[PDB]
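Trainee: Dropping a structure here in structure tokens format, bear with me for questions.
With ideal geometry, Cβ positions are generated from the backbone for all residues, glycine too; neighbour counts draw on all protein chains shown. Read-outs throughout are calculated quantities, based only on the coordinates presented, and are distinct from any laboratory measurement.
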There are 4 protein chains.
Amino acid sequence: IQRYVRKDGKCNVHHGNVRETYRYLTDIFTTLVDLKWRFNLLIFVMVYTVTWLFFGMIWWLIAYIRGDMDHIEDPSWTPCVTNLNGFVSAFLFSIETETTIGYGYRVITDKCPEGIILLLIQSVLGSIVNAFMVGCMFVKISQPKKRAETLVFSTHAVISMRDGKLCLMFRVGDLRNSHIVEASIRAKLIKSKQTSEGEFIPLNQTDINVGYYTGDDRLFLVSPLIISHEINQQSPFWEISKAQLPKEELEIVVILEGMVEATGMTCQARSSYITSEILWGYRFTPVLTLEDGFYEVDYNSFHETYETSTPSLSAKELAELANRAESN
Amino acid sequence: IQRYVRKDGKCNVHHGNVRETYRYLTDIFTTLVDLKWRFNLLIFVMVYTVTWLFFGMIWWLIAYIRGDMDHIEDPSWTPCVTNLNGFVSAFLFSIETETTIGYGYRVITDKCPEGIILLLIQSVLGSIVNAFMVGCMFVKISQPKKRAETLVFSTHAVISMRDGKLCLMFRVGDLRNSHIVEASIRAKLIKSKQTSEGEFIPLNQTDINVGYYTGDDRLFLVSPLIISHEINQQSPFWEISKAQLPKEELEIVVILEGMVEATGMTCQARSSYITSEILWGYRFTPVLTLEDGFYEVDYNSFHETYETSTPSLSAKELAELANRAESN
Amino acid sequence: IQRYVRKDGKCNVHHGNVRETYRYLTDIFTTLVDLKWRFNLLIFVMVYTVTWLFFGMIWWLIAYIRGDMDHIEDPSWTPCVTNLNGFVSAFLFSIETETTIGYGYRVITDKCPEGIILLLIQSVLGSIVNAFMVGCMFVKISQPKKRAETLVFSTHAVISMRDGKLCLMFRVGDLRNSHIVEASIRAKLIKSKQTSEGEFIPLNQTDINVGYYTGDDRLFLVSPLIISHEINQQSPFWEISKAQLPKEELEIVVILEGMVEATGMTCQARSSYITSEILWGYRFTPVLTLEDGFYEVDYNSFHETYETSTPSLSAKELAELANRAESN
Amino acid sequence: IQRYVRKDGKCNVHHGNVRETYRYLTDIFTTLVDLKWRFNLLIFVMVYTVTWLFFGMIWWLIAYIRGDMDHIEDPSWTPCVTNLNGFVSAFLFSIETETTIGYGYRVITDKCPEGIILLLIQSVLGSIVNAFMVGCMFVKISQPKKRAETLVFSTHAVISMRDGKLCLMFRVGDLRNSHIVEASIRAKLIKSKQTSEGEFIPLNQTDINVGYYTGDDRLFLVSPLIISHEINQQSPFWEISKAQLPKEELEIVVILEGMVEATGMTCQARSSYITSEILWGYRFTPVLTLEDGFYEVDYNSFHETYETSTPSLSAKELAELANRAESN
Ligand SMILES: [K+]
Ligand SMILES: [K+]
Ligand SMILES: [K+]
Ligand SMILES: [K+]
Ligand SMILES: [K+]
Ligand code: NA
Ligand code: NA
Ligand code: NA
Ligand code: NA
């Protein structure tokens, strides 16, 4: 079955018929850092080689129009750049200058102002281009989405009874010793619907409660946590029994958002649970054990669940039993 | 008619009679990065050329006061900077030094401490100025407002019935495959008012509810979303019928705020719906279709709406019909 | 009278008897960027001059222990660094190397590995020190608190009647065309108190409501806004009449927090209203006027207020009149 | 007794049996900046020395395959790099080039394109590697967790009566004159539990209320603040008397999260109070005193508490006395 979101977090959507494609060029920086690495590294190589060529020809051109080329056998003549024997030497000086290596076998001189104003322009644009590209690299290396790689979601969501309440539970973890700051968990139920009046709504998102009113959706996440959605009157699973579950066409999107401790930058880790990955009547297997001075987590057991005695009834039907029980 | 906010997000306000203009110089960095590009690139060129000139004259000056200029025919004499034949050579050494190209035809020496302490000062201020300016460039290129270019708002807001409730709806979209992290939507109604007591309040902002109490204002925005404001008792559209709408003098400001995935930086995309852009009795045309392995969006249809059967009554009058219907 | 917070935002508190002062050295970066500019620029100059000296002596030392110094009249002998005639030349090479100007009159050679491993160490530490310091500069220039300079608070808070409710109002503004993203306003009442049991609490902070439950504390701030605190049953001004106000010993701290549009960084602008700056029975003078295509703000009038007819009674006593009025 | 969180903020947990260790390499930047300094500085040294060697051999190799090595006695022959007498000179040119010191005793030439395309590759990768590493340093120096060093938590939590309510109180402070922006305090109670149905939950986190519904959890923190948790019906200390406290097996985790004023980056300071550090019947000793123009804090007294008359009863039992008192 098709899902909206993959277990690893990527989203199965393509944006077609974007009539106004120039917008991608309007915020070029976003397109650049969003590219695949091969394409950054390609552009990176190109941006540098074309500038050095582009200036290299302008350095050659000053030397040509000046007549430096024509008098190389005459020492009386002095050029813009000492030693520009040909079209190759210009390329090298062009790099020697803009990288600011400037070996100084090729050296500029007093004799032309035409050259000085180029060295000037170059150095300036050399800084602006170099910023743009190095900046682009730094951002791409340091970007926070990468942290998501050391944030795990449990492979299944489970439904079982907890202190008399029927609960939907998934487990989350963080493989690093460092932290997710201002950590928080939110969850969205994704399923299509139809209004009384006729409107079909493709992949309708309804927020699932996972601590919003108590601030228990704000996580302190060191050892793995089991996030619990209590299936109450206000739940979208209120009228879903063990029987009905597999015949429902729904998907739970789970989103973990906080700041990578070292870069202040906010990360978003995502995963999905489709109807078949929601185990009814199950419990997560413990992972925590005590050792001398430290609590040790056993990630082998992180995804593992086991079965428990659990009603087949919808949460709603459990209430109906309770209403008669308290009234008895 | 005059609007407060343009559809593209820019705001029609000018800040006149700012008596204390020095404040703009107090936080210079904000003024700089807020400038138009022509003016950054201008200042950028200028800041660099004046330093190189300013030092170039000081390099010339040491050479003049020392008497290096007077003895160029004497090799016994050795200068601060080998080869400073005139006022031009000094400018070149000044750049050769501060860019740190340092071709080394112009080379400093032991003979003057006067020169060494300059090379010292220069290099230090060369780093501080270079930071300030390159930094200023980097910030301006990477700034998040730019993302707003690949965030679209629907061209109209529509009002129609949804599961028995009258709703104001606008649609939002994101043209990129990358994400808006900690995405959230808020909306402000802008219209003037008068208190019982007499006070006129120019462009009074009252927050429009778009999910605040359920956290459904926190968006997971991949494919386009239709943001719904339920027009209930607490709504500012409670007493507005189809008839009255066009004769109201109001404007809805819509604000999308989240973090650009790659730079942790927060973006704010804005748009406005003036009274004439609010289509009563309309529905948004679907955009989502299924393809092999991927959900495809059709942005051609993004802004498109169609008409449906919809009451001409205000939400309030619909309730009055319901009160008698339930009491019947 | 002593205030806790100045009108410009600075806080009248000193942190004395910090026994564990090393902590300031533990997070050195915070102390550095928190310093006055004179002291950054001082340290900046020093950090660079001591490294260049420190290496300069090590460059001199290799040259001394090797015996390069003793043979300068012998060309057969070749040194670590060509041309190190004395203790001054070493300082210059040391800079020429670490700034990477490297004029190359002073050039390293094959003949000693002792020199190569220094050039190596230097270049590496040259990058680490240069990062630390340039970074420190960049941060300090770009820091967001500076924006606060172009965020104004009204000079007074006023109390007057608004649609039958008694309200405490202050006005806020933003002098720039650019934005404060995720803008929000919160306000704290600061006054001492005593518990029934005996405990004196020095400067007790109680949050003042300014939109928290409706999200109207989240500002869209283009033209100036009048922030309104409705003085209701839950207000700390519930039992304060015009008469009692000046004899109360209290201070309202007002805090504006949002993100500078260009740097994603969060700014905090603060101000205070002491009991004497709270004008009872007053209204803010309008500032907004319409011009062709643009709304123009008149900051001359920003702080200005005028008097209106307003009850001398506490909000509580107004309710008591209303209770008998509705019961009549 | 074992705690979950240390008083200084570090967490007693180890992540064992991480089967998928490659993920650490997938987001390498996080692993790098998370390393101990010795290991950054080690890698930093290594990354640079291996590139310079790696290129140095390629520079040597071009010189070898070309036959430059074989003709050093022939001036007719001209090499890729003037002066590459051996395997050592190549290493030096390799650094001279990539650091961009380029002393220019070793200079590239026209004669080989083989060399030019290397200089090209090098300079490009020289920028990418240099970014990666300097960036990594900058991040690590500027990271916000460090601020936590100048944020103190009181050594004990105390329980005493405040205006008729039994309260759990701890005190927090900030040693710097600079601010924590968007400051906020949250607190989690950590103790194991067992569901009716059988499920043991290892270290169950239940959020402790410390201002969430009034926004008094949002701190304006200049002088020290006493954070108060009112022990009401909804409290986890509702049924805990002075008698029972020490026999409970619980731990309160306290978390302070806000932005370092200068870097926009968010900091998280943590501490813990185990059952024995919760003083029943105690009050914090004042720290604030007035001086000419400034409020002075006395951090000697910051942690100090003193005893007061305080009920031995649980908050619940105090209510039961009140129920009969009001009914009397
Ligand atoms: K250089
Ligand atoms: K150089
Ligand atoms: K050089
Ligand atoms: K040189
Ligand atoms: K936030
Ligand atoms: Na962790
Ligand atoms: Na998207
Ligand atoms: Na503004
Ligand atoms: Na402080």
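Trainee: Among A:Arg19, A:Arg171, A:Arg106, whose mean-square fluctuation peaks in a Gaussian network model of chain A (Cα, cutoff 10 Å)?
Mentor: Of A:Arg19, A:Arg171, A:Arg106, the Gaussian network model singles out A:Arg19 as fluctuating most.
Trainee: Cut-off is 10 Å between beta-carbons; in what order do B:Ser309, D:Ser228 appear when sorted fewest neighbours first?
Mentor: If I rank by nearby Cβ atoms, fewest first, I get B:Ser309, D:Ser228.
Trainee: Classify the range A:227-270: rounded, prolate or oblate, from the alpha-carbon gyration tensor (a ≥ b ≥ c, eigenvalue square roots; a/c under 1.5 rounded; otherwise prolate if a/b is larger than b/c)?
Mentor: prolate
Trainee: If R0 is 51 Å, what FRET efficiency do you get for A:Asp163 and B:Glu20 from their C-beta distance, rounded to 0.05?
Mentor: Given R0 = 51 Å and the Cβ-Cβ separation, E is 0.25.
Trainee: Which whole-percent values make up P(r) of the range B:121-189 when all C-alpha to C-alpha distances are grouped in 5 Å steps starting at zero?
Mentor: With 5 Å bins starting at 0, P(r) equals 3, 10, 14, 14, 12, 10, 8, 7, 6, 5, 4, 3, 2, 1, 1, 0.
Trainee: If neighbour count is taken as other Cβ atoms inside 10 Å, put B:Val107, D:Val158, D:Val45 in order from fewest to most.
Mentor: Least to most surrounded, the residues fall as D:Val45, B:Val107, D:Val158.
Trainee: Along the charge dipole of the protein assembly as shown, Cβ charges K/R +1 and D/E -1, which of D:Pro286, B:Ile28, C:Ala325 sits furthest on the positive end?
Mentor: Comparing the listed Cα positions along the dipole, C:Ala325 ranks first.
Trainee: Hey, could you pull the Cα Rg and Dmax for the range B:258-307, both in Å?
Mentor: 15.9, 42
Trainee: How long is chain B along each principal axis, judged by its Cα atoms, biggest number first, in Å?
Mentor: Dimensions of chain B along the principal axes of its Cα atoms: 117, 63, 31 Å.
Trainee: Check C:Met259: other-chain or 5+ apart residues with amide H under 5 Å from its amide H, H built from backbone geometry?
Mentor: HN-HN under 5 Å from C:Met259: C:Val181, C:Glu182, C:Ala183, C:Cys267.
Trainee: Under the convention of a label 7 Å out along Cα→Cβ, give the distances in nm from B:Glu326 to the same position in every other copy, shortest first.
Mentor: Spelled out, the distances from B:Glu326's label point are 2.2, 2.2, 3.2 nm.
Trainee: Can you report the principal axis dimensions of the range C:148-235 using only the alpha carbons, biggest first, rounded to whole angstrom?
Mentor: That gives 53, 33, 25 Å along the principal axes, largest extent first.
Trainee: Could you tell me the relative contact order of the range D:190-278? Use alpha-carbon pairs under 8 Å, at least six residues apart, and round to a whole percent.
Mentor: 21 percent
Trainee: Sticking with this one: Please find, in a Gaussian network model of chain D (springs between Cα atoms separated by less than 10 Å), the residue of D:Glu149, D:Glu296, D:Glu261 whose mean-square fluctuation is greatest.
Mentor: So, out of D:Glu149, D:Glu296, D:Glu261, the one fluctuating most is D:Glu296.
Trainee: Return the long-range amide H neighbours of B:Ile231 (sequence gap of 5 or more, or a different chain), with a cut-off of under 5 Å between placed amide H atoms.
Mentor: B:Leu166, B:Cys167, B:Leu168
Trainee: Answer with one residue from B:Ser178, D:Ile117, B:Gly211: the one whose Cα lies farthest towards the positive end of the charge dipole of the protein assembly as shown, charges on Cβ with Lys, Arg +1 and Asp, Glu -1.
Mentor: B:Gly211
Trainee: Let me ask something additional. Summing -39500 (n - 2.57) over the DSSP H runs of n ≥ 4 in the protein assembly as shown and dividing by its residue number, what mean residue ellipticity at 222 nm do you reach, to the nearest 500 deg cm²/dmol?
Mentor: So the helix-based figure for the protein assembly as shown works out to -9500 deg cm²/dmol.
Trainee: If you don't mind, there's one more thing I want to ask. Taking loop as defined by DSSP and a crowding limit of 10 other beta carbons within 10 Å, which chymotrypsin sites (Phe, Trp or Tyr not before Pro) in the range C:174-272 fit?
Mentor: Loop-located and lightly packed - none at all.
Trainee: What's the Kirkwood radius of the range B:14-143 in Å, using all Cα pairs?
Mentor: Hydrodynamic radius (Kirkwood, Cα pairs) of the range B:14-143 is 16.9 Å.
Trainee: Now for a separate question. If you average the sequence gap of Cα pairs under 8 Å that are 6 or more apart and divide by the length of chain D, what percent do you get for the contact order?
Mentor: 17 percent
Trainee: Could you check the spin-label model distance between A:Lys10 and D:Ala243? Points 7 Å from the Cα along Cα→Cβ, value in nm.
Mentor: Rounded to a tenth, the inter-label distance reads 6.3 nm.
Trainee: On to the next question. Would you tell me which residue of chain D has the beta carbon closest to the rotation axis bringing chain D onto chain C, and how many whole Å away it is?
Mentor: Axis-proximal residue of D, distance in whole Å: D:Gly104, 3.
Trainee: Right, something else. How large is the Kirkwood hydrodynamic radius of the protein assembly as shown, in angstrom, based on all distinct alpha carbon pairs?
Mentor: Mean inverse Cα-Cα distance, inverted, gives 35.2 Å.
Trainee: Going by how many other beta carbons lie within 10 Å of each one, how would you line up B:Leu168, D:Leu120, fewest first?
Mentor: Least to most surrounded, the residues fall as D:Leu120, B:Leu168.
Trainee: For chain B, with a Gaussian network of springs between Cα atoms less than 10 Å apart, report the residue from B:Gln122, B:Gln194, B:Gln205 with the top mean-square fluctuation.
Mentor: It is B:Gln194.
Trainee: Kirkwood Rh, Cα Rg: Rg to Rh for the range B:81-223?
Mentor: 1.37
Trainee: Shortest first and in nm with one decimal, please list how far the C:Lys247 label point sits from its counterparts in the other copies (point 7 Å along Cα→Cβ).
Mentor: Label point to label point, same position, other copies: 5.4, 5.4, 7.6 nm.
Trainee: Around C:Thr305, which amide H atoms from residues at least 5 apart in sequence, or from another chain, sit under 5 Å from its own amide H, with H modelled in the peptide plane?
Mentor: Placed amide hydrogens put C:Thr285 under 5 Å from C:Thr305.
Trainee: In nm, give the distance between the simple-model label positions of D:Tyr213 and D:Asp74, each being 7 Å from the Cα along the Cα-to-Cβ direction.
Mentor: Modelled inter-label distance: 9.4 nm.
Trainee: Related question: About its Cα centre, what dipole magnitude does the protein assembly as shown give when the only charges are +1 on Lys and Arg Cβ and -1 on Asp and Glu Cβ, stated in debye to the nearest 20?
Mentor: It comes to approximately 1260 debye.
Trainee: Using a label position 7 Å from Cα in the Cα→Cβ direction, what is the ascending list of nm distances from C:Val50 to the same site in the other copies?
Mentor: 3.3, 3.3, 4.7
Trainee: Using +1 on the beta carbon of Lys and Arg, -1 on that of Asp and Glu, and nothing else charged, what's the dipole of the range D:14-143 about the Cα centre, debye to 20?
Mentor: Value, rounded to 20: 660 debye.
Trainee: Separation between the A:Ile58 and D:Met46 pseudo-spin-labels, each 7 Å from Cα along Cα→Cβ, expressed in nm?
Mentor: Here the answer is 4.3 nm between the modelled labels.
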